[PDB]
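Notes follow once the structure below has been shown.
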Amino acid sequence: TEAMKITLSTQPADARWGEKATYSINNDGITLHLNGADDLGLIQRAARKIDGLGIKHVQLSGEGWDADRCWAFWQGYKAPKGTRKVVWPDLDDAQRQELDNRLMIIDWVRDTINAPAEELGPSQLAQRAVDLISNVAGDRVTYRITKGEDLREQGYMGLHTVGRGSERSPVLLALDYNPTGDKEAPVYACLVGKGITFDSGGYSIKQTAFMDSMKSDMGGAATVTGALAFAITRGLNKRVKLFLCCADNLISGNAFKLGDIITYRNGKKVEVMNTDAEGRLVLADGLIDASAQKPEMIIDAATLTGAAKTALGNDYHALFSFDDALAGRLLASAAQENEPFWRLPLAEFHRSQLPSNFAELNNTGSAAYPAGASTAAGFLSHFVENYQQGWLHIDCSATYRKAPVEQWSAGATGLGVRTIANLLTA
Amino acid sequence: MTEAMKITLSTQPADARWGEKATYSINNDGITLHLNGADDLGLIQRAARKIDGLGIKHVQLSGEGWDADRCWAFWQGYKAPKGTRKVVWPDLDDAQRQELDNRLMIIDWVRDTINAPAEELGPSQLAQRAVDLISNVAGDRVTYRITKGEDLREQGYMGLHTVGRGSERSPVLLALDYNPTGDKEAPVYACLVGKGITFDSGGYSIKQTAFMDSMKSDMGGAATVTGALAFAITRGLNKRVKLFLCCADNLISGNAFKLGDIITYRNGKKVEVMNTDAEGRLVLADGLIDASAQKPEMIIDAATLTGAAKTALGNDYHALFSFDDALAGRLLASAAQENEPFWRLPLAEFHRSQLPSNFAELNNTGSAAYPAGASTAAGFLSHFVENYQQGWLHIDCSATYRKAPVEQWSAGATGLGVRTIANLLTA
Amino acid sequence: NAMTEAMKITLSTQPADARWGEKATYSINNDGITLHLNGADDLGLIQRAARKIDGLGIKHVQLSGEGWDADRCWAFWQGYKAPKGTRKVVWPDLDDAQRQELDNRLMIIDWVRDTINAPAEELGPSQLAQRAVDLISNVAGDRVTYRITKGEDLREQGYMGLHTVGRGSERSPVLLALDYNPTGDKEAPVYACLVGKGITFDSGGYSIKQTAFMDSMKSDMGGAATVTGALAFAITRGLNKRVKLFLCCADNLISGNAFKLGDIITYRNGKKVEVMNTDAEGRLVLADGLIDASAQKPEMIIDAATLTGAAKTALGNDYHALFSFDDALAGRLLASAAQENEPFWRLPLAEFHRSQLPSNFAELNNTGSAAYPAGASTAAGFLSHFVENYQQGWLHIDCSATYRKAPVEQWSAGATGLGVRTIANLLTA
Amino acid sequence: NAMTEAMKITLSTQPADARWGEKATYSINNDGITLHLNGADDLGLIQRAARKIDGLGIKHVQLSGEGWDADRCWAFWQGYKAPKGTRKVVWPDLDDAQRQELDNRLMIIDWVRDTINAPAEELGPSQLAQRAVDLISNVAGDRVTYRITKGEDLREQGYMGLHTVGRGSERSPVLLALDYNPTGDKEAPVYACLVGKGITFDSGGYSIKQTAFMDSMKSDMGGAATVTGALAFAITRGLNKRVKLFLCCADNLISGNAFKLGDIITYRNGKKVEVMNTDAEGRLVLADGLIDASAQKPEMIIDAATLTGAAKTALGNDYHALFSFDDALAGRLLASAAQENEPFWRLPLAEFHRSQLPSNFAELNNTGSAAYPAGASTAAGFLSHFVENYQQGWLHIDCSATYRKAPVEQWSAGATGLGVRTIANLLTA
Ligand SMILES: [Cl-]
Ligand SMILES: [Cl-]
Ligand SMILES: [Cl-]
Ligand SMILES: [Cl-]
Ligand SMILES: [Cl-]
Ligand SMILES: [Cl-]
Ligand SMILES: [Cl-]
Ligand SMILES: [Cl-]
Ligand SMILES: [Cl-]
Ligand SMILES: [Cl-]
Ligand SMILES: [Cl-]
Ligand SMILES: [Cl-]
Ligand SMILES: [Cl-]
Ligand SMILES: [Cl-]
Ligand SMILES: [Mn+2]
Ligand SMILES: [Mn+2]
Ligand SMILES: [Mn+2]
Ligand SMILES: [Mn+2]
Ligand SMILES: [Zn+2]
Ligand SMILES: [Zn+2]
Ligand SMILES: [Zn+2]
Ligand SMILES: [Zn+2]
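In order, the protein sequences belong to chains S, B, P and R.
End of the first sequence sits at 431 in our numbering; the numbers just go up one at a time, nothing left out.
End of the second sequence sits at 429 in our numbering; the numbers just go up one at a time, nothing left out.
End of the third sequence sits at 441 in our numbering; the numbers just go up one at a time, nothing left out.
End of the fourth sequence sits at 441 in our numbering; the numbers just go up one at a time, nothing left out.
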């Protein structure tokens, strides 16, 4: 397990590799050939190949290494199985401090989402979320976990109806980060995350090829939890509340059925016409709680629809909002944090593109309204009192890679944590 | 309180702008229905549906020409599961209004109970709502017995128990007894048997979402025979009739019945389960055994049993099965008097052996060689009626539910069948 | 092959001994095989016994002893006959009438079975039309005339239904217009018009079928073969009235010329049909035969077609589906089915089935919806748009009892021939 | 069942009486129908009302009273018009400028709707190319010239993309190269090149579609009709610059000559493409048009195509997908879309998309992988390999809002005509 040196050079590789070669190898170690086009993308792609060569011990040596370039290499080098060692170079304290916070919190998002569903049930997601934030938030953090029958008694009909099929009761984490300590302090932001720890699809059962990665259906919850923790390391000094709607969507003699009508505390009635469209049902409860706090902005994140992945692939997160100003601020943050986001449509006509013959709303679209991600966003707007301003919905199409690509190993990428954190501390 | 939209009747056509073919037209006074005498009940129902699609939520049935049937025809079409509708009835006479109010109360109870989501209507809720509807019109002339959960297993109701033990909501057998004379030894005139699957996922033979999304209505047979008995009583039924509802959920759990399982009934029949989604005939079997023990004059079972009957008759007719030509003819004669659609489909001695199993006397499913799903299901049920050749009617309720709205029906339950069975019991 | 020897088959109202079973349909002793009638359904029992005797490898039988009449012999042969192996049957002593009746069924009803069982390669539209002429003109003689319209001529003369369906095949579509006219008088009133679907092979078109459903689609010309045999058998029964036959013959295949979804066919009666499923081609070719049948203004029109799977889902392979608006005429066909021991069952047809095929681009669609799933009723409702006087003197037969994809208790694999006798009885009644 | 007499449609800012409600978009008294405008979106409301008025079965309307204009009349008609039935609309007393704009829309946009709604049998490659010349020649007179290359000539001259997809059909593939040159000068610089996918019927080839997804594939030539209608409308709006039109027209059918999976197509620009899905044929034909477009060295290239279902999954039928590397040009089209009241949404197109179609046997694959499931973005990435300067002056429109398989609030079934005004507006500005 001896270290392999990785150097940076602006000169191309020798003709034995080609002029376009991104990396070359000799006794002095591996050399990454930067060309100024996209050095972070090139380094991350090179790291993916170095892992593929069976090299488990590297050292970033020579000049040119900064936090962003070190992070790029790690993002691509990290893989779910195996042990990897990276000897970092001489960085100033601010550069190393930024890298350490990224390593601690963003890899926590990668590892939590990658974790098996047996290891990470609703209850484990709640307490691991408290631990991550409590470790950086000092004494300025209070929380409450409501599970099982208590969700029924308190009217959380969305989260309870979806989770009750499981032997692992559904959980609501309500975490409060309040820096001033003043219990009257105004709530600046409300983060809401979909924490479905495993999605069988319900009685609308999935096919194996589409269920084999549904341990990552809690990726929205892990991304907003990381965003809060990472924001705190960035100097967040405003009150933020975190709502994680956690549950298993399983099949039992108790699971919810098609045609069942869910009555939310805001009066909205929803006919369930597909148990696999469960993500929007649990988020609706988090959003009602989020609107009640009357925050300056509400941000909900969720691995909600496959329609977002058909529109943007795994290369961008989908951004939905009625607020043009707030959408531009998040895209500006996305650009500073070098994370991919693309705005997909959300207009008033999407709020009526979920017809039902037995209730005000349907949890699915139809053949006539097949914009799955746009209609889902339209459904969530019925649960945000002032939906036309201060609300962002993120369909996390870039959260999980079912197979290794050029720059990513398999599993969670951790994308979206820096963008949301940057918007919170802006 | 707002302004109601007047609905009047005319035997003359609309003006040259609406055209001679127009079934309705709107002037200053309100909406005018243009009758032609071919099928006024059908035309008025189709017109009411279009008046609902216009967004008009408050109507007044105005002027001459209205009676119980024309008012009922309008309501049947106007009513829909969503929204709130006010209908101001015309100045009907006592008898006409009594008959209209009996249909509103009982037949709309059949539409709402079947339209109800499975979460709000389980096996125990169905049995209880059935007792409530009948005692509301019967009073002290009705008594009943519930038998649920482990009690069914102990007492040998293996059909109903095996299908419903998968649900956390225990299966329920309701045995209601309408006895006017009170005499406990009075002869039982009719035995009604109804399939009450409050939700059908198909069991381990799981359905796809597109065919499961309306399975809250798989207890439609139970609701129809219940409404039929209630309606019969409002029509002056004065004979002893027993009602049997086999109510359960067909769900998936670690306790749910599996393919290959052999169910032994109380009459000796052994049935191999080769499709858990063919559960409706498994639960009726227990209902038909109890119905036969009463040795009644007639037995009428109703069930949303197969998609085959819907391929044969669509949602336009109910499927009638029987070995008794005289009795079948009387139900068709009742359907004609009550303006309800019924069509007879084949049931012969050879259907009784078109469910071959390698491991038991009977199979619960058919094969490629015998694809008449509705006829093979009726043939299976004949094995649980002692005198199957006489006094037994089976109804595959293909006209009970409408997955989508059509010309004369909103989405959901129609309530068809209640008047026909009620008329047959009172004839 | 070694010389096969006859196995004597006798009849007995005495049950078999205990070694076999309480109620066994047949027993085998030294002198040969004994069938054990019980008086319940002797014809059904004999046909089922015959099927089993085939499964014993016995290729040569001799019906000996008293008790054998025309029906019991025919009943036996119906079950003994199979599309593989050669079978010799020594008939018993019958009177001239009984033997002539048996010989007519053997010649015509087996022709229906063999022609339907024939591979598509051997029986194209032209072969079906010619073999139908050969059969009828072999019993009618000089009393039969016919015309054959095929290929480009169908398009030129407005037969857009049959041409559009068939132009995908290298084998041109064919329309047979045969005329059985006894008194010779060309002005004689046409008593009946038989119309038949003769799809010699149904790939389903661009709406391509699954192999499990196409592997028997050589039999999609059963209706054509059933009405042809019905006329031939009716003539041997002494049919002395004028009857015209129309066979709409074509292959439904896939080519760079095959018809497409969204195409609108304009028929001669002015009705426009949108094709929203190329596999619902049966009703497209019948519509052209039904126009010609109506034009002749006969006393009754009978049409046969292996049209829908909906009829097989409703009646199985055990009954032919009967569709009509005429209660009196449907009653007579069921009355005929009883005298000929053939299974028919009436399925619904009402004025509302005529509007259960909506289209966004044309008056009629060739397929039903999710809201109107009675495939056999909507198909009959589609055909009613091509019979000028559809409420009187018209019967549609969805031939669900024509073909058996697999052997059963009383039938081998392949065509059954059922329907030939019932139509014949109604024509000669 | 004759044509009825005119029913009057008046506009009003006063709401409906309580019987209808106060949120009712329309009411009906003895005088006729009244539309209740509120000012939120009167064009949307009027169009949705027209759709409901057609649903009542009213075939003859007369827009009367004050308040009507070209946009409000056009809104009413956009919703009233349907492919089925006969409708008549008496227009109100507009001024010449308003009536000239309405007449230009009725002529050119309803042509785009009627041409796309037409059955594949009526509109093959040659018919599409010819109707396209007829429409533009009607408004352009002698300022229009054109060139048609078809059948074996496309193979000879190296249009391997368009020829390989269309050769499976009996109807030969056709490339229309139309030139609108107002100044006459033959050396005039080409301002714009329009390219249109003109697949007159998409069976999907050997990668055959199911009936449910093919029943509307007569509309797979929507791109061609849209850019064609756009050039015609642009001329009525005073277009005074040279614009070339390229329509890659073909049938994607099955035959013994149809193209096969694994087949490598060599384009005139040297690019090799491995076909791994014959249903991704739209991009193979556009590639040939885009090479001709680039060769003209134009200021801008606009291509339109009903290319992928991924755009319909991403935007529904409510917006057209816009792809481009040119932010400024993309910004100019959305500005035109706003002025013309038409829905467009931009989807991602970046350098990494040019390598998201991997093949093991050729530089490019014509299909995407599970790893790159953004079908519309990878399709745009593929087309970019056929535009010389793909980073400047090129727009790709995935026409996800061109066809409605079923009636909705504001549209009947069939083609909408959306995209004609936007492209026309961009060309004229
Ligand atoms: Cl190189
Ligand atoms: Cl690692
Ligand atoms: Cl969802
Ligand atoms: Cl990996
Ligand atoms: Cl009446
Ligand atoms: Cl069943
Ligand atoms: Cl409804
Ligand atoms: Cl043989
Ligand atoms: Cl057909
Ligand atoms: Cl065989
Ligand atoms: Cl209102
Ligand atoms: Cl029109
Ligand atoms: Cl394509
Ligand atoms: Cl339409
Ligand atoms: Mn799901
Ligand atoms: Mn079932
Ligand atoms: Mn077919
Ligand atoms: Mn295609
Ligand atoms: Zn989910
Ligand atoms: Zn059931
Ligand atoms: Zn066919
Ligand atoms: Zn295409």
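Positions of the beta carbon are idealized from the N, C-alpha and C atoms, including for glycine.
Just to check my reading of the structure: residue i and residue j have Cβ atoms closer than 8 Å, yes? What is that Cβ distance to the nearest angstrom?
i             : j      : result
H408/R        : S336/R : 7 Å
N259/S        : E170/B : 4 Å
residue 471/R : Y158/R : Summary: the structure shown does not reach residue 471/R, with chain R confined to residues 13 through 441, and so no result is reported for it.
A225/B        : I116/B : 5 Å
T212/P        : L296/P : At roughly 15 Å, the Cβ-Cβ gap does not stay under 8 Å, so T212/P and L296/P are not in contact.
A316/R        : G235/R : 4 Å
Can you give me the Cβ contacts of residue i inside the same chain, cut-off strictly under 7 Å, excluding the 5 residues immediately before and after it?
i      : result
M162/S : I267, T268, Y269
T88/S  : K61
Can you name the start and end residues of the beta strand (DSSP E) that residue i belongs to?
i      : result
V176/S : 176-182
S39/P  : 38-40
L233/S : No beta strand (DSSP E) contains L233/S, which is instead part of the alpha helix (DSSP H) from 224-238.
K256/P : 254-264
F213/R : 202-214
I277/R : 276-278
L334/R : 332-335
Go through its chain and collect everything with a Cβ distance to residue i's Cβ below 8 Å, but skip five positions before and after it.
i      : result
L261/B : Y206, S207, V275, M276, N277, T278
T16/P  : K71, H72, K100
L147/P : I120, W123, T240, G241, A244
Starting from residue i, trace the alpha helix (DSSP H) in both directions and tell me its first and last residue.
i      : result
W111/B : 96-117
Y402/P : Run containing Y402/P: none; DSSP gives neither H nor E here.
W86/R  : 82-92
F394/R : 387-395
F215/S : 213-216
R131/B : 125-140
For residue i, which residues does DSSP report across the bridge?
i      : result
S24/P  : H48/P
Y146/B : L178/B
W406/R : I313/R
Below 6 Å CB to CB, which residues in the same chain sit around residue i once its five sequence neighbours on both sides are set aside?
i      : result
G301/P : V207, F258, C260
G421/S : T228, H322
Pairing CB atoms from the stretch 196-206 of chain R with CB atoms from the stretch 376-386 of chain R, are three or more of them under 8 Å? no
Is the stretch 111-127 of chain S touching the stretch 230-243 of chain S, taking contact as three or more C-beta pairs under 8 Å? yes
Does the stretch 337-346 of chain P come close enough to the stretch 60-67 of chain R to have 3 or more Cβ pairs within less than 8 Å? no
Under 8 Å: do the stretch 362-379 of chain P and the stretch 25-34 of chain R share three or more Cβ pairs, one atom per stretch? no
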